[PDB]
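Going by the entry's author numbering, the sequence shown opens with residue 25, and the numbers climb by one from there.
Reading through the structure tokens given below for one structure.
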Amino acid sequence: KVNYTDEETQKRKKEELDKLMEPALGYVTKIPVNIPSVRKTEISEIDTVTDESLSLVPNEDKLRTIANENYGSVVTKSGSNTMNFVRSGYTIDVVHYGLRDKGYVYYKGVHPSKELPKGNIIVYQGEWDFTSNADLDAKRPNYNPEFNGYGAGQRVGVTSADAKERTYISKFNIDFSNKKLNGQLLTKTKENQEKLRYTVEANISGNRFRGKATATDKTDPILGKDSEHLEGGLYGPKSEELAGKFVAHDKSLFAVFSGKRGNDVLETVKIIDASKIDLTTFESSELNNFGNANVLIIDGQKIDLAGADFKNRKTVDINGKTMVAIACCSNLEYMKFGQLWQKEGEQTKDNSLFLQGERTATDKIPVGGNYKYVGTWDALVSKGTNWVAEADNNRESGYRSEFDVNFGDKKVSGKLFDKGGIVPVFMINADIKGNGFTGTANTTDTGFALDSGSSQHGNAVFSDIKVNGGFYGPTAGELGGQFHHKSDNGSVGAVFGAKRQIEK
Ligand SMILES: C[As](C)(=O)[O-]
């Protein structure tokens, strides 16, 4: 009166929806509420969830604050009683009236899966929830057989919480051999009759899936619009569970869903490596990753690692912390490694090395043939003084990593050089198993001087340090790995990557 909104073109609307396809630990949206002069409020406030705690309900704090100041009553559904790695549902003020916030609908999960079942078709079952938009002109009946009260969905978004004695159940079939999923979102009445509301189809990439939800009944004034923007992820170390959301193409619905597979013991395969070595404790810890090795996830937030140079320094603010990553290399398409630390003004804290890669499928690991791989590496050795390897582009005399891989004998042989070194400082010997390798890193008998480069200073020696690595890319044309050891006799953390060679 008069109400002005931004004129959104169809192109802009698609772009907006496309943005919502970015993988994240979770997502949350506000339940729409009409201001007095408007007749329709779309679903518009859709935020990523970046915290990693399963006990934190997205925006429940914001809601309880408003509820309390208005004597409301907050109720929260998460599925916390069934799921171990995912949460899905709503937090809602059930005695809501007027123009104040009603609540939120969300999903989130922890430990995006780094191992998937090897193959076959696996069943996941869970629940789903939703909020509609608010619309006076959507033919939503004053009396609704499915939803409680007067004019459900008309002035305030209607939700799964408002249903009359109905349960909202989800079922999925994941075909891990073809990386495809299908599913059904159903409603069950008190008389135990099921009605299919949406069919879901999606493709799996990394530990995420992207696809669509097709409304089964387009005459439904609330659950009647298709989505071409469904996205979710597998969660748990071994894809024990899933969770995701979809947004109706007209922003008239935001649905979330969860799922859990049965107790059957399945064989799994590694799809992702993503970890870091702390350069003070020389301990390894896992990083969150969604299957894109060129994206570094810190505190549920992302750092693009790609850049114009051989290796690139990225500097990103994450929760008031200035993170710095030096990521190598531009010739590696399916993996990245390098340094990571917190910029503490002039100093630096939590110095670490990281490595990420997208594992080759086991059935694409070559069965025979001998290949050279060439790349570089990053390392810290400490034994009184510090010795360092910093990733570089000098194949002749730099910090070279060189490998001979014999796929026939399932052997990897590697050499890690110091700059100017004529003999390597580390020798790697490993066995190939599935899409990775494991073995040892050894210095020579009498090892290498901590360069310095001093005629009184010490020498470092390491014996049978455990090495873990993977093959990355469609046909294992890239390889990488790491090793770490903590000792008073000397310590080391090292990451390396290399690119398969062709004889020119
Ligand atoms: C193109 As890629 C290695 O980020 O899947």
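All C-beta atoms, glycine included, are put in the ideal place defined by N, C-alpha and C.
Nearest-angstrom Cα separation, counted from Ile295 out to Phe314 = The sequence position of residue 314 within the sequence shown is 290, counting from 1. The sequence position of residue 295 within the sequence shown is 271, counting from 1. Using only the alpha carbons, I get a separation of about 10 Å.
When the Cα of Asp186 is compared with those of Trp365, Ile116, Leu277, which residue comes out closest?
-> The residue given as residue 186 occupies position 162 in the sequence shown. Among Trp365, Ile116, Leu277, the Cα nearest to that of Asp186 is on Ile116.
Report the rounded CA-to-CA distance for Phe109 versus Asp85, giving the unit in angstroms.
-> Against the sequence shown, residue 109 aligns to sequence position 85. Against the sequence shown, residue 85 aligns to sequence position 61. When rounded, the distance between both Cα atoms is 21 Å.
Could you tell me which residues DSSP puts in a beta bridge with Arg232?
-> Here residue 232 corresponds to residue number 208 of the sequence shown, with the count starting at 1. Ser229, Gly257.
For residue 543, write down the residues that DSSP places opposite it in a beta bridge.
-> Nothing in the structure corresponds to residue 543, since the chain is present only between 25 and 528.
Sorted by chain position, which residues of the same chain lie with C-beta nearer than 7 Å to residue 7's C-beta, five sequence neighbours on each side aside?
-> The displayed coordinates of the chain run from 25 to 528. Any statement about residue 7 would go beyond what the structure contains.
Pick out every residue whose C-beta is nearer than 7 Å to a heavy atom of ligand 1: which are they, in chain order?
-> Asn316, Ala317, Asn318, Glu357, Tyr358, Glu382
For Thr74 versus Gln325, is the C-beta spacing smaller than 7 Å?
-> Numbered from 1 along the sequence shown, position 50 holds the residue referred to as residue 74. Numbered from 1 along the sequence shown, position 301 holds the residue referred to as residue 325. Closer than 7 Å, so yes.
Buried or exposed for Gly113, please, with buried defined as at least 16 other CB atoms from any protein chain shown within 10 angstroms of its CB.
-> Mapped onto the sequence shown, residue 113 falls at position 89. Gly113 comes out buried.
For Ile350, which residues from the same chain have a beta carbon less than 7 Å from its beta carbon, with the 5 sequence-adjacent residues on both sides left out?
-> Translated into the one-based positions of the sequence shown, residue 350 becomes position 326. Excluding residues within five positions, the ones whose Cβ falls inside 7 Å are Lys335, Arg337, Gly362, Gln363.
Can you give me the start and stop residues for the alpha helix (DSSP H) that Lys86 sits inside?
-> For this step, residue 86 is matched to residue 62 along the sequence shown. Its alpha helix (DSSP H) spans residues 84-93.
Which runs of the beta strand (DSSP E) spanning at least 3 residues fall entirely within the segment 118-197, listed in chain order?
-> 127-133, 139-141, 145-156
Would you mind sorting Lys300 into buried or exposed? The rule is 16 or more other CB atoms within 10 Å of its CB.
-> Working through the sequence shown from its first residue, we reach residue 300 at position 276. Flag for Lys300 reads buried.
Expressed to the nearest angstrom, what Euclidean distance is found between the alpha-carbon atoms of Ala298 and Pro169?
-> As a first step, residue 298 is located in the sequence shown; it is residue number 274 there, counting from the start. As a first step, residue 169 is located in the sequence shown; it is residue number 145 there, counting from the start. Distance between the alpha carbons of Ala298 and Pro169 is about 50 Å.
Tell me, to the nearest whole angstrom, how far the beta carbon of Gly399 is from that of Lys523; I am working on the premise that it is less than 8 Å.
-> Position 375 of the sequence shown, counting from 1, holds the residue named residue 399. Position 499 of the sequence shown, counting from 1, holds the residue named residue 523. Right, the Cβ-Cβ distance comes to about 6 Å (below 8 Å), so this counts as a contact.
Closer than 6 Å by C-beta to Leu205: which residues in its own chain qualify, once you throw out the five before and the five after it? Chain order, please.
-> In the sequence shown, residue 205 corresponds to position 181, counting from 1. The answer, listed in chain order, is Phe196, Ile198, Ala226, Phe233.
Can you pull the DSSP bridge partners for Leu320?
-> Residue numbering aside, residue 320 sits at position 296 when the sequence shown is read from its first letter. For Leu320, which the question treats as bridged, DSSP gives the partners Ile327.
Using the DSSP secondary-structure output, state which residues sit across from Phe361 in a beta bridge.
-> Along the sequence shown, one-based indexing puts residue 361 at 337. According to DSSP, which records beta bridges pairwise, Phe361 is partnered with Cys352, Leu379.
Boundaries of the beta strand (DSSP E) in which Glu310 is found, first to last residue | In the sequence shown, the residue the question calls residue 310 occupies position 286. Taken as a continuous stretch (DSSP letters only), the beta strand (DSSP E) holding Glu310 covers 308-310.
Simplified DSSP assignment, three categories, for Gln34 | Position 10 of the sequence shown, counting from 1, holds the residue named residue 34. Here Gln34 sits in helix by DSSP.
List the residues that DSSP assigns as beta-bridge partners of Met451.
-> If you number the sequence shown from 1, residue 451 lands on position 427. According to DSSP, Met451 bridges with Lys439, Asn466.
Three-state secondary structure assigned by DSSP to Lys284 | Locating residue 284 in the sequence shown gives position 260, where the first residue counts as 1. Correct three-state label for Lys284: strand.
Does the count of Cβ pairs from the segment 278-289 and the segment 490-506 closer than 8 Å reach three?
-> no
Any chance you could list the alpha helix (DSSP H) runs of at least 4 consecutive residues sitting entirely within the segment 386-420, in chain order?
-> none
Under a Cβ-count criterion, where at least 16 other Cβ atoms within 10 Å of its own Cβ denotes burial, should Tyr28 be classed as buried or exposed?
-> For the purposes of this step, residue 28 is taken as residue 4 along the sequence shown, with counting starting at 1. By the 10 Å Cβ count, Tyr28 comes out exposed.
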